[PDB]
Amino acid sequence: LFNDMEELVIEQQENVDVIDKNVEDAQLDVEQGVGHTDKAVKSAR
Amino acid sequence: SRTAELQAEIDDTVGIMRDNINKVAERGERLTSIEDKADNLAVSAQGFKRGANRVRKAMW
Amino acid sequence: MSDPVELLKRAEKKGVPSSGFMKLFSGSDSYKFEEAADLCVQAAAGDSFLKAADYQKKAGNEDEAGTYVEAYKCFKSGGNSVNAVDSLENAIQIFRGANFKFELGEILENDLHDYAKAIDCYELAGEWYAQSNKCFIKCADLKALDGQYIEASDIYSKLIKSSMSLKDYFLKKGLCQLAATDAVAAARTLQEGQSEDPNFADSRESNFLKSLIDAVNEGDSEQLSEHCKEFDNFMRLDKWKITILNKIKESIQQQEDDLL
Amino acid sequence: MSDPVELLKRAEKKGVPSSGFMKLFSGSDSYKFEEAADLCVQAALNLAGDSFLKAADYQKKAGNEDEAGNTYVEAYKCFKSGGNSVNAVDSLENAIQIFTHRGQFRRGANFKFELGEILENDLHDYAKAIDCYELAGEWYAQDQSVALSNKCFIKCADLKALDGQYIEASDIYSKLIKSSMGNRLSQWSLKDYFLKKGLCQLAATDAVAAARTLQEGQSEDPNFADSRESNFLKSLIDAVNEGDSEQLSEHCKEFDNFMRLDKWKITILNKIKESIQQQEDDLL
Amino acid sequence: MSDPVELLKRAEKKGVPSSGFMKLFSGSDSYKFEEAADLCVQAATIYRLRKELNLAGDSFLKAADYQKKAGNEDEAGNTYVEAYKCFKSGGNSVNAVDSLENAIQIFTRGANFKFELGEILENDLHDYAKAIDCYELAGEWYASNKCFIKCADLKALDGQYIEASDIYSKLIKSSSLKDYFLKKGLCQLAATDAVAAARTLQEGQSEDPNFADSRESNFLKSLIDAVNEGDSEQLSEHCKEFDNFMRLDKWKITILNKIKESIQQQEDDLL
Amino acid sequence: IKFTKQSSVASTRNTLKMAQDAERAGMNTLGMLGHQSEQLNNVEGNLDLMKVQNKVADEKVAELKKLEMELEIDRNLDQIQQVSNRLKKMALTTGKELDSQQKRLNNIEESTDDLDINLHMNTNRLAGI
C-alpha cells in the first residue's frame with residue numbers, strides 16, 4: 001500500500017507541474033490584457 | 001501480548017492506508033480535471049490578451 | 001443600494017427585442033440583452049441569475065450564460081433543489097459538463113431521490129471523465145440498489161479493469177452476481193480476483209465471498225447469516241451490502257417457496 | 001441548438017481560400033479560417049473528434065498553432081474516449097509536433113507518454129511505445145524532471161526487456177540507478193532496479209555482467225546489500241553458473257513465496273530457463 | 001529556416017532608439033523594440049532547435065532586454081525564465097542565475113524562482129551563503145517549511161547553529177516534527193548549549209507524544225547526557241547505535257563531527 | 001523446534017525489511033505531498049490575483065462599450081514495533097493532507113472554472129468593440 005501510494009503521488013506530480021505553469025502563464029496574460037484595456041480606455045476617452 | 005498488540009496496530013495502519021489509497025485516487029481525479037481546466041484558463045487568458053490588444057489598436 | 005425590483009423591471013424593459021419598423025433603424029439587439037443581463041446580475045437571486053443567463057443566451061454569449069452555475073449555487077444554498085437541477089442542466093448543456101453532471105446526480109440522489117436520473121448522470125459523468133472511477137462507483141451502487149444487478153456487476157468489472165478499492169470491487173461484483181442468483185458467475189469472479197490480484201486472494205473479502213457462494217450453493221440461509229455476522233464483527237457492513245444480502249436471503253426464501 | 005452538420009457545412013464553405021482575382025480584393029484568409037474553426041468547434045465522440053480535427057486544421061491554416069494544438073488535444077481526448085485509438089494517436093501526434101515546434105517540450109513529453117501508453121495498451125504497438133517512452137524520458141531529463149524521466153525510462157526498459165532487447169533495457173536500468181542514487185525518495189526503486197538489470201543481463205546469458213551488477217549494488221547501496229532482491233539475484237547467478245534449471249525454479253518459488261513476482265520477471269526468467277534448455281541442446 | 005545570425009542582426013538594427021530630429025517624426029520606440037524582441041525570439045528558437053542552448057539563452061536575454069525597453073515587463077520575465085531554462089540545460093549556471101535574478105525582480109513566482117536559484121547556487125556554484133539567502137527569502141514570501149528546511153540545513157552546515165535552531169523552532173511551530181526537534185537539539189549541541197538542547201528535548205517530549213516515544217528523542221537525550229559527562233566515546237557509541245537502526249545523513253555527520261571536535265577542544269581547555 | 005525457530009527468525013527479518021520498505025515510501029509520499037501542496041498554494045495565489053484583475057477588466061470593458069534465535073526474534077519484533085509506530089502515524093498523517101488538499105483542489109477547480117469564463121465573457125465583449 002505504501003509503495004502504491006508513493007507511485008500514485010509521483011504520477012500526480014505531473015498534473016501539479018502543468019497546473020502551476022498554466023495558471024502562472026494565464027495570470028501574466030490576464031495582466032497584459034488588462035494593460036491593453038487600460039490603454040484602450042485612455043484612447044477612447 | 002506484545003505480538004498481538006503489534007498485529008492489531010499493523011491491521012489498523014493497513015486500514016488507514018487503504019483509506020489513503022482511495023483518497024489519493026480522488027486526488028488524482030481532482031488533479032486531472034484541474035490540469036485540463038488550467039489549460040482552458042491559459043488559452044482563454046491568451047485570447048483575452050490578444051482581443052484587448054486588438055481593441056487597444058482599434059481605439060488608437 | 002439600488003432596488004433589485006427596479007433593476008429587474010429596467011432589464012425587462014431593455015430585454016424586449018426590436019420589432020417591425022424599428023428593427024430597420026435599431027442596431028443589433030445583443031447590446032440590449034447584455035445591458036438587461038447586467039442589470040439582472042446587479043439586482044441578483046437565483047431567479048435573477050436565471051433571467052440574466054437567458055438574456056446572455058439571447059445575446060450569443062453562451063459562456064456567460066453558463067449565470068446558470070451561480071443560479072445552481074444559490075438555489076442549492078437556498079434549498080430549491082428543482083431550480084438548482086434546472087440551472088445545472090442548462091449549464092451542462094452550454095458547457096465541466098461531467099463535473100456538473102456529477103453534482104446534478106448527487107442532488108438527484110440525495111435531495112430529490114430521483115435514483116434513475118442520478119444513475120444516468122453518474123454514468124454520463126463517468127463516461128465523460130473517461131473521455132470516471134468515482135462516477136462509476138456511484139452508478140454501480142445506485143444500479144445495484146435499484147434492482148439492476150447485472151449492470152452493476154458490469155460496471156464493477158469495468159472498475160476492476162481500470163484499477164488493475166479493487167479488493168472491495170471484486171466482493172461487490174460477486175455480491176451483485178449473487179443477488180442475480182448467478183452463483184456460477186460469483187465463483188468465476190472470485191477465482192479471477194484470487195488469481196489476478198494477490199492482495200485480494202488473501203483478503204478477508206475473498207473468504208467472505210467464498211463463504212457466501214458456498215452458502216448459496218447449499219441453500220443454507222442461516223449459514224449465510226452467520227457468515228455475515230462474522231464479517232461484520234471484523235469489517236463493518238454498509239447499507240449497500242445490507243440490501244444486497246437481504247435480497248439474497250429473500251431469494252433463498254423464494255427458492256424455498258419454489259421448493260413447494 | 002444549431003445543427004452540427006449545418007455548422008460543419010458553413011465552416012467548409014468559409015474554409016475555402018481566396019483564389020484568383022478575388023485574392024486581390026479579399027483580405028487575409030486567416031479570418032475565414034478562424035470563423036470556420038469556431039463553427040467546427042461549435043458543431044463538434046468520434047464525430048466531435050473529427051470536428052475538432054477540422055477546427056485544428058483550420059487553425060493551423062490561420063497561423064494559430066497553439067489553438068490548433070489545444071484542439072488536437074481535445075480531439076485526442078474524445079477519440080480515446082470513443083474507443084477510436086487510431087484517431088487519438090493521430091491527434092496526439094499533431095499536438096506533440098505543434099508543442100515541440102513551439103518549445104513546449106514539457107507538453108510534448110506528457111502527450112508522448114500518453115501516446116506510448118495508448119500504443120502499449122490499446123494498439124499493442126510495442127516498438128512505437130518504446131520510442132515514445134524513450135523520447136518522453138529524454139525530454140523530461142532535458143527539463144530536469146528526474147522523476148518523470150525515471151518513470152518514462154522504467155516503461156521503456158520494461159518494454160525493451162519484454163521485446164528481446166535485454167542489453168538496452170539493462171543500460172536504461174543503469175541510467176535509472178545513476179539518476180536515483182543518493183535520493184532517499186527512490187531507494188526501493190533502486191533495490192528493484194539492480195535486480196531487474198541483473199535479470200536482463202542474465203536473459204542475455206551474461207552472467208558475469210549480472211555478477212558485476214550485484215557486486216556494484218551491494219557495495220554502493222547498503223539497503224540493497226541486505227535486501228532479498230540481492231540474495232535472489234545472487235541465487236539466480238549461481239544457478240545459471242551451475243546450469244541447474246531446477247535450482248533456479250526453486251529459487252523463483254522461494255522468492256515468490258515472500259515477494260510476489262510480476263509478469264515482467266516471469267517472462268525474463270522463462271526466457272532464461274529456455275536458454276538453459278538451449279544450452280542443453282548445445283550440450284548435444 | 002532563417003539564419004539566426006541574420007535575425008539577430010536585424011533585431012539589433014531595429015533595436016536602436018530614435019535620436020535627434022528623427023524622434024520628432026518617429027512614433028513610439030516600443031514597436032521597434034517589440035519587433036526586435038520577436039526577431040531575437042525567432043533566432044533563439046532556431047538555436048534551441050539546433051541544441052545550441054547557450055546561444056539561444058543569449059538571444060532570449062536580448063529579447064527580454066528589448067521587451068523591458070518596450071514596457072512589456074511580463075513578457076520580459078517569461079523570456080528571462082526561458083533564458084534560465086536553456087542556460088541551465090546548456091550547463092551555463094552563471095547565465096541561468098542572472099536570468100533567474102532578472103525574472104525574480106520583474107515578478108516581484110519570485111519565491112519559486114528564488115528557490116530554484118538557491119538550488120542552482122547550492123549544487124552548481126556552491127555559493128552557500130547566497131543559497132541560504134534565497135531559501136530564506138523564498139520561505140518568507142511563501143509564508144515555506146521546505147525552504148526553511150533547506151535554509152536551516154545550509155546554515156547549520158555553514159557554522160550558524162543558533163540561526164539554524166531558530167529556523168527549526170519556526171518549522172516546529174508551523175508544523176518532520178520528530179526530526180525537527182532532533183535537528184534543533186543537534187544544532188544547540190553544536191553550539192555547546194547543552195541546556196538549550198535539554199530544553200528542546202523536554203519541550204518536544206511534552207508537546208508531541210510521537211516525539212516522546214520516538215527514537216529521535218532517546219538519541220537526543222543520549223547525546224545530551226554524553227556531552228554533559230564529556231564522554232566522546234559514549235557519544236560515538238550512541239551514534240553507531242542510532243545509525244544501526246536509522247541511517248544517519250551527511251548533515252548529522254557534520255554536526256556530530258563538530259560536536260566531537262568541540263569535546264576535543266574542551267579537552268584542550270582542560271590543559 | 002530448532003527448524004521452527006529458524007523459520008521464525010527469517011520471518012521476522014523479512015517483516016522488518018518490509019516495515020522499513022513501508023517507511024521510506026511513506027516518507028517520500030509526505031515529502032512530495034508537501035511540495036505539491038505548495039505548488040497548489042502558488043496556484044491559489046494566481047487565481048486570487050486573476051480574480052482582482054478580472055474585476056478591473058470587467059469595469060474597463062464596460063466603459064469601453066459605453067464609449068540466540070529467541071533473542072533475535074525479540075529484537076526484530078522490537079524494531080518492527082518501532083517502525084510500525086511510525087508507519088501508523090504516517091498513514092494517519094497522509095490522510096489528513098489528502099483531506100485538506102482535496103478541499104483546496106475543489107476550490108481551485110471552481111475558481112479556475114469561473115475565471116476561464118470571465119475571460120471568455122470579456123473576450124466576446126471586446127470582439128464587438
# chains A, B, ... in the order shown; residues from 1 in each chain; ligands from 1
$ residues_around --residues "region 80-88 of chain F" --least-positions-apart "3" --cutoff "8 Å" --atoms "only C-alpha atoms" --output "ChimeraX atom specification"
/B:6,9-10,12-13,16 /F:15-16,19-20,22-23,26,76-77,91-92
$ residues_around --residues "region 250-266 of chain D" --least-positions-apart "5" --cutoff "8 Å" --atoms "only C-alpha atoms" --output "list in words"
residues 198 of chain C; 158, 162, 196, 199, 232, 235 and 236 of chain D
$ write_last_selection --atoms "N, CA and C atoms" --output "PDB file, in the first residue's frame"
ATOM      1  N   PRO C 198      -3.085 -10.748  -6.079  1.00  0.00           N
ATOM      2  CA  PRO C 198      -2.655 -11.485  -4.881  1.00  0.00           C
ATOM      3  C   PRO C 198      -3.195 -10.903  -3.589  1.00  0.00           C
TER       4      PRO C 198
ATOM      5  N   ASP D 158      11.146  -1.697 -19.347  1.00  0.00           N
ATOM      6  CA  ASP D 158      10.256  -2.844 -19.226  1.00  0.00           C
ATOM      7  C   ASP D 158       9.864  -3.363 -20.602  1.00  0.00           C
ATOM      8  N   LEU D 162      10.931  -6.904 -22.386  1.00  0.00           N
ATOM      9  CA  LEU D 162       9.901  -7.798 -22.894  1.00  0.00           C
ATOM     10  C   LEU D 162      10.011  -7.991 -24.401  1.00  0.00           C
ATOM     11  N   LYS D 196      16.331  -6.085 -11.521  1.00  0.00           N
ATOM     12  CA  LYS D 196      15.883  -6.087 -12.916  1.00  0.00           C
ATOM     13  C   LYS D 196      17.053  -6.044 -13.893  1.00  0.00           C
ATOM     14  N   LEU D 199      18.706  -9.298 -13.941  1.00  0.00           N
ATOM     15  CA  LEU D 199      17.837 -10.227 -14.652  1.00  0.00           C
ATOM     16  C   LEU D 199      18.000 -10.073 -16.155  1.00  0.00           C
ATOM     17  N   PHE D 232      18.263 -12.997  -3.992  1.00  0.00           N
ATOM     18  CA  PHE D 232      17.627 -13.683  -5.109  1.00  0.00           C
ATOM     19  C   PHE D 232      18.480 -13.581  -6.364  1.00  0.00           C
ATOM     20  N   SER D 235      21.416 -15.879  -6.017  1.00  0.00           N
ATOM     21  CA  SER D 235      20.998 -17.262  -6.209  1.00  0.00           C
ATOM     22  C   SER D 235      20.788 -17.569  -7.684  1.00  0.00           C
ATOM     23  N   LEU D 236      20.159 -16.647  -8.414  1.00  0.00           N
ATOM     24  CA  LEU D 236      19.964 -16.843  -9.846  1.00  0.00           C
ATOM     25  C   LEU D 236      21.299 -16.916 -10.576  1.00  0.00           C
TER      26      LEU D 236
END
$ interface_residues --of "chain A" --to "chain C" --cutoff "12 Å" --atoms "only C-alpha atoms" --output "list in words"
residues 1, 4 and 8 of chain A
$ write_last_selection --atoms "C-alpha atoms" --output "tab-separated table (two decimals), in the first residue's frame"
chain	number	residue	atom	x	y	z
A	1	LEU	CA	0.00	0.00	0.00
A	4	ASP	CA	1.39	2.17	-4.45
A	8	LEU	CA	0.45	7.48	-7.44
$ interface_residues --of "chain B" --to "chain F" --cutoff "8 Å" --atoms "only C-alpha atoms" --output "ChimeraX atom specification"
/B:3,6,9-10,12-13,16-17,19-20,23-24,26-27,30-31,33-34,37-38,40-41,44-45,47-48,51-52,55
$ write_last_selection --atoms "C-alpha atoms" --output "PDB file, in the first residue's frame"
ATOM      1  CA  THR B   3       2.959  -9.536  19.269  1.00  0.00           C
ATOM      2  CA  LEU B   6       1.723  -5.230  17.137  1.00  0.00           C
ATOM      3  CA  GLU B   9      -1.567  -1.834  15.162  1.00  0.00           C
ATOM      4  CA  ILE B  10      -0.476  -3.125  11.755  1.00  0.00           C
ATOM      5  CA  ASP B  12      -5.211  -0.581  11.839  1.00  0.00           C
ATOM      6  CA  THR B  13      -2.472   1.013   9.747  1.00  0.00           C
ATOM      7  CA  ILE B  16      -5.779   3.766   7.231  1.00  0.00           C
ATOM      8  CA  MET B  17      -3.575   3.200   4.173  1.00  0.00           C
ATOM      9  CA  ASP B  19      -8.422   4.752   3.023  1.00  0.00           C
ATOM     10  CA  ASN B  20      -5.478   6.849   1.855  1.00  0.00           C
ATOM     11  CA  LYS B  23      -8.323   9.369  -1.178  1.00  0.00           C
ATOM     12  CA  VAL B  24      -5.293   9.624  -3.463  1.00  0.00           C
ATOM     13  CA  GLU B  26      -9.846  11.011  -5.591  1.00  0.00           C
ATOM     14  CA  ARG B  27      -6.905  13.454  -5.549  1.00  0.00           C
ATOM     15  CA  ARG B  30      -9.350  16.255  -8.873  1.00  0.00           C
ATOM     16  CA  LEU B  31      -5.961  16.867 -10.497  1.00  0.00           C
ATOM     17  CA  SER B  33      -9.668  17.799 -14.117  1.00  0.00           C
ATOM     18  CA  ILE B  34      -7.792  20.813 -12.733  1.00  0.00           C
ATOM     19  CA  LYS B  37      -9.154  23.440 -16.740  1.00  0.00           C
ATOM     20  CA  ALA B  38      -5.919  25.317 -16.122  1.00  0.00           C
ATOM     21  CA  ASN B  40      -8.548  26.123 -20.671  1.00  0.00           C
ATOM     22  CA  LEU B  41      -7.690  29.096 -18.454  1.00  0.00           C
ATOM     23  CA  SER B  44      -8.692  31.965 -22.546  1.00  0.00           C
ATOM     24  CA  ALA B  45      -6.162  34.324 -20.946  1.00  0.00           C
ATOM     25  CA  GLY B  47      -7.275  35.034 -26.157  1.00  0.00           C
ATOM     26  CA  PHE B  48      -8.273  37.866 -23.827  1.00  0.00           C
ATOM     27  CA  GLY B  51      -8.528  40.683 -28.024  1.00  0.00           C
ATOM     28  CA  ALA B  52      -7.705  43.533 -25.659  1.00  0.00           C
ATOM     29  CA  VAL B  55      -9.213  46.814 -29.212  1.00  0.00           C
TER      30      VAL B  55
END
$ closest_atom_pairs --of "chain D" --to "chain A" --cutoff "9 Å" --atoms "only C-alpha atoms" --output "JSON lines"
{"residue": "D:106", "atom": "CA", "partner": "A:18", "partner_atom": "CA", "distance": 8.5}
{"residue": "D:107", "atom": "CA", "partner": "A:18", "partner_atom": "CA", "distance": 8.3}
{"residue": "D:110", "atom": "CA", "partner": "A:14", "partner_atom": "CA", "distance": 8.1}
{"residue": "D:147", "atom": "CA", "partner": "A:10", "partner_atom": "CA", "distance": 7.2}
{"residue": "D:148", "atom": "CA", "partner": "A:14", "partner_atom": "CA", "distance": 7.5}
{"residue": "D:151", "atom": "CA", "partner": "A:11", "partner_atom": "CA", "distance": 8.5}
{"residue": "D:188", "atom": "CA", "partner": "A:3", "partner_atom": "CA", "distance": 8.8}
$ interface_residues --of "chain A" --to "chain E" --cutoff "8 Å" --atoms "only C-alpha atoms" --output "PyMOL selection string"
chain A and resi 24+28+32
$ write_last_selection --atoms "N, CA and C atoms" --output "PDB file, in the first residue's frame"
ATOM      1  N   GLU A  24       0.110  30.192 -13.923  1.00  0.00           N
ATOM      2  CA  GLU A  24       1.079  31.284 -13.934  1.00  0.00           C
ATOM      3  C   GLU A  24       1.083  32.027 -15.276  1.00  0.00           C
ATOM      4  N   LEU A  28      -0.128  36.066 -16.154  1.00  0.00           N
ATOM      5  CA  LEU A  28       0.608  37.119 -16.861  1.00  0.00           C
ATOM      6  C   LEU A  28      -0.138  37.609 -18.096  1.00  0.00           C
ATOM      7  N   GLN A  32      -1.395  41.455 -18.853  1.00  0.00           N
ATOM      8  CA  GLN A  32      -1.140  42.179 -20.098  1.00  0.00           C
ATOM      9  C   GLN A  32      -2.448  42.652 -20.722  1.00  0.00           C
TER      10      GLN A  32
END
$ interface_residues --of "chain C" --to "chain D" --cutoff "10 Å" --atoms "only C-alpha atoms" --output "list in words"
residues 93, 94, 127, 128, 129, 130, 131 and 198 of chain C
$ residues_around --residues "residue 193 (chain C)" --least-positions-apart "4" --cutoff "12 Å" --atoms "only C-alpha atoms" --output "PDB file with C-alpha atoms, in the first residue's frame"
ATOM      1  CA  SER C 157     -15.911  -5.261 -13.906  1.00  0.00           C
ATOM      2  CA  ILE C 160     -11.707  -3.625 -11.826  1.00  0.00           C
ATOM      3  CA  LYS C 161     -10.175  -3.440 -15.301  1.00  0.00           C
ATOM      4  CA  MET C 164      -5.805  -3.104 -12.241  1.00  0.00           C
ATOM      5  CA  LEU C 166     -10.132  -3.489  -6.124  1.00  0.00           C
ATOM      6  CA  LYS C 167     -10.367  -5.727  -3.062  1.00  0.00           C
ATOM      7  CA  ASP C 168     -13.852  -4.338  -2.457  1.00  0.00           C
ATOM      8  CA  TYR C 169     -14.755  -4.191  -6.163  1.00  0.00           C
ATOM      9  CA  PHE C 170     -14.444  -7.943  -6.631  1.00  0.00           C
ATOM     10  CA  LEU C 171     -16.524  -8.574  -3.492  1.00  0.00           C
ATOM     11  CA  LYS C 172     -19.266  -6.139  -4.560  1.00  0.00           C
ATOM     12  CA  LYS C 173     -19.323  -7.605  -8.072  1.00  0.00           C
ATOM     13  CA  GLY C 174     -19.709 -11.113  -6.674  1.00  0.00           C
ATOM     14  CA  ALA C 186     -19.866 -15.142  -8.482  1.00  0.00           C
ATOM     15  CA  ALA C 187     -17.496 -18.117  -8.262  1.00  0.00           C
ATOM     16  CA  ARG C 188     -15.880 -17.105 -11.555  1.00  0.00           C
ATOM     17  CA  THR C 189     -15.403 -13.564 -10.239  1.00  0.00           C
ATOM     18  CA  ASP C 197      -4.835  -9.803  -7.538  1.00  0.00           C
ATOM     19  CA  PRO C 198      -2.655 -11.485  -4.881  1.00  0.00           C
ATOM     20  CA  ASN C 199      -3.871  -8.975  -2.294  1.00  0.00           C
ATOM     21  CA  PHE C 200      -7.496  -9.951  -2.926  1.00  0.00           C
ATOM     22  CA  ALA C 201      -6.692 -13.666  -2.796  1.00  0.00           C
ATOM     23  CA  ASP C 202      -5.608 -13.404   0.847  1.00  0.00           C
ATOM     24  CA  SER C 203      -8.094 -10.647   1.727  1.00  0.00           C
ATOM     25  CA  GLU C 205     -13.272 -10.097   1.376  1.00  0.00           C
ATOM     26  CA  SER C 206     -12.281 -13.104  -0.736  1.00  0.00           C
ATOM     27  CA  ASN C 207     -13.012 -15.502   2.133  1.00  0.00           C
ATOM     28  CA  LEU C 209     -17.329 -14.035  -0.869  1.00  0.00           C
ATOM     29  CA  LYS C 210     -16.350 -17.710  -0.983  1.00  0.00           C
TER      30      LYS C 210
END
$ residues_around --residues "residue 182 (chain C)" --least-positions-apart "2" --cutoff "12 Å" --atoms "only C-alpha atoms" --output "CSV table (one decimal) with N, CA and C atoms, in the first residue's frame"
chain,number,residue,atom,x,y,z
C,149,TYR,N,-28.8,-5.7,-11.0
C,149,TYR,CA,-27.6,-6.3,-10.5
C,149,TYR,C,-26.6,-6.6,-11.6
C,150,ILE,N,-27.1,-7.0,-12.8
C,150,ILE,CA,-26.2,-7.4,-13.9
C,150,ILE,C,-25.4,-6.2,-14.4
C,153,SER,N,-22.8,-5.2,-11.8
C,153,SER,CA,-21.7,-6.1,-11.9
C,153,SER,C,-20.8,-5.8,-13.1
C,173,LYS,N,-18.9,-6.9,-6.8
C,173,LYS,CA,-19.3,-7.6,-8.1
C,173,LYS,C,-19.9,-9.0,-7.8
C,174,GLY,N,-19.2,-9.8,-7.0
C,174,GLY,CA,-19.7,-11.1,-6.7
C,174,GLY,C,-21.1,-11.0,-6.0
C,175,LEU,N,-21.2,-10.1,-5.0
C,175,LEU,CA,-22.4,-9.9,-4.3
C,175,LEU,C,-23.6,-9.6,-5.3
C,176,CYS,N,-23.3,-8.7,-6.3
C,176,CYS,CA,-24.3,-8.4,-7.3
C,176,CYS,C,-24.7,-9.7,-8.1
C,177,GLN,N,-23.6,-10.5,-8.5
C,177,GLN,CA,-23.9,-11.7,-9.2
C,177,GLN,C,-24.7,-12.7,-8.4
C,178,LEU,N,-24.5,-12.6,-7.1
C,178,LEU,CA,-25.3,-13.5,-6.2
C,178,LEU,C,-26.7,-12.9,-5.9
C,179,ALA,N,-26.9,-11.6,-6.0
C,179,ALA,CA,-28.2,-11.0,-6.0
C,179,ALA,C,-29.0,-11.4,-7.2
C,180,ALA,N,-28.3,-11.7,-8.3
C,180,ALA,CA,-29.0,-12.1,-9.5
C,180,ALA,C,-29.1,-13.6,-9.6
C,184,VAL,N,-22.6,-19.2,-10.2
C,184,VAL,CA,-21.5,-19.6,-11.0
C,184,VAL,C,-20.7,-18.4,-11.4
C,185,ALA,N,-21.4,-17.3,-11.7
C,185,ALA,CA,-20.7,-16.0,-12.1
C,185,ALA,C,-20.0,-15.5,-10.9
C,186,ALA,N,-20.6,-15.6,-9.7
C,186,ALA,CA,-19.9,-15.1,-8.5
C,186,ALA,C,-18.6,-16.0,-8.2
C,187,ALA,N,-18.7,-17.3,-8.4
C,187,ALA,CA,-17.5,-18.1,-8.3
C,187,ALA,C,-16.4,-17.8,-9.3
C,188,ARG,N,-16.8,-17.5,-10.5
C,188,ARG,CA,-15.9,-17.1,-11.6
C,188,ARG,C,-15.2,-15.8,-11.2
C,189,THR,N,-16.0,-14.8,-10.7
C,189,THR,CA,-15.4,-13.6,-10.2
C,189,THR,C,-14.4,-13.8,-9.1
C,213,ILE,N,-20.8,-17.7,-1.4
C,213,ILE,CA,-21.0,-18.6,-2.6
C,213,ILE,C,-21.4,-20.0,-2.1
C,216,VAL,N,-24.9,-20.1,-0.6
C,216,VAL,CA,-26.0,-20.1,-1.6
C,216,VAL,C,-26.0,-21.4,-2.3
C,217,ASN,N,-24.9,-22.0,-2.6
C,217,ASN,CA,-24.8,-23.3,-3.2
C,217,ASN,C,-25.5,-24.4,-2.4
C,248,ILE,N,-30.7,-11.3,-1.3
C,248,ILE,CA,-30.2,-12.6,-1.5
C,248,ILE,C,-30.9,-13.6,-0.5
C,251,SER,N,-34.3,-14.1,-1.7
C,251,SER,CA,-34.2,-15.0,-2.8
C,251,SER,C,-34.1,-16.5,-2.4
